Amino acid sequence: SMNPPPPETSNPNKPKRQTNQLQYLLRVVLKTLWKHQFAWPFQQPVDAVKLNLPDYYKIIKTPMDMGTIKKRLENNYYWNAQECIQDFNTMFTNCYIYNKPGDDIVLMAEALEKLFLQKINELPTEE
Ligand SMILES: O=c1cc(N2CCOCC2)oc2c(-c3ccccc3)cccc12
């Protein structure tokens, strides 16, 4: 069994820009979720080899994690906030898809998503 290469965090062909929404997503949203007590499983890609989940990357074909998102925000990978918000939502949805409702990992993802939705609710207007 083998893990895939992690998601792209640098691509000079992909257009990108700094925006006030993207800065908020880094300084407020990512920062806040990262320090959550249940953040740790989501701070890097799922290691399906170490966790003995040989079917994980057969079920989850768009993996995402906050380590990747952090790198993307820090390296200004995105064109807009929606691209980043989609990465977060993919991360949560991956977890809800692969696991049964009420599992520990799902509860942890649901906690982060609650804080996520709190923070996106107060997403600033474009400057
Ligand atoms: O969807 C997932 C399913 C799992 N699993 C399956 C159930 O047993 C535990 C491992 O683990 C995940 C982890 C993770 C959990 C513990 C340690 C390291 C990573 C991080 C993010 C998503 C998942």
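Rule-based calculations on the coordinates, nothing more; no lab input. Cβ atoms come from the backbone with ideal geometry, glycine included; neighbour counts cover every protein chain shown.
Could you give each residue of segment 40-47 its phi-based ³J(HN,Hα) in whole Hz, using Karplus coefficients 6.51, -1.76, 1.60 with θ = phi - 60°, and x for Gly or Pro?
3, x, 9, 7, 7, x, 5, 8
Please give, to one decimal in nm, the separation of the simple spin-label points placed at residue 104 and residue 117, each 7 Å out from Cα toward the Cβ.
Using points 7 Å along Cα→Cβ, the separation is 2.5 nm.
Quick one: putting +1 on the C-beta of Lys and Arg, -1 on the C-beta of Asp and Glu, what dipole do you get for segment 24-73 around its Cα centre, in Debye to the nearest 20?
Dipole size: approximately 280 debye.
With a cut-off of at most 14 other beta carbons within 10 Å, and DSSP calling the residue loop, which chymotrypsin sites (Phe, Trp or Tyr not before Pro) in segment 1-101 qualify? Please list them.
The qualifying sites are 79.
List the relative contact order of the chain as a percent without decimals, with contacts defined as Cα pairs under 8 Å and 6+ residues apart.
37
Picking from 111, 48, 81, which is most flexible by a Gaussian network model of the chain using Cα springs under 10 Å?
48
If you fit an axis through the alpha-carbon atoms of helix 104-121 and take the longest principal axis of the Cα set of the chain, what angle between them do you get, 0 to 90°, nearest 10?
Rounded to the nearest ten degrees, it is 10.
Of 51, 22, 112, which has the largest mean-square fluctuation in a 10 Å C-alpha GNM of the chain?
Judging by the Gaussian network model, the answer is 51.
Can you tell me the equivalent ellipsoid semi-axes for segment 19-123? Use √(5λ) from the Cα gyration tensor, largest first, whole Å.
Taking √(5λ) for each eigenvalue gives 23, 15, 12 Å, largest first.
Name the most mobile residue of 43, 82, 21, meaning the one with the largest mean-square fluctuation, in a Gaussian network model of the chain with Cα contacts below 10 Å.
82
Using 1/(1 + (r/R0)^6) with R0 = 35 angstrom and r between the beta carbons of residue 97 and residue 17, what's the FRET efficiency to the nearest 0.05?
0.65
Suppose each label sits 7 Å from its Cα in the direction of the beta carbon; what would the residue 49-residue 74 distance come out to in nanometres?
2.3
Take the alpha carbon atoms of segment 1-25, find their center, do the same for segment 30-66, and report the distance between the two centers in whole angstrom.
Each part reduced to its Cα centre gives a spacing of 16 Å.
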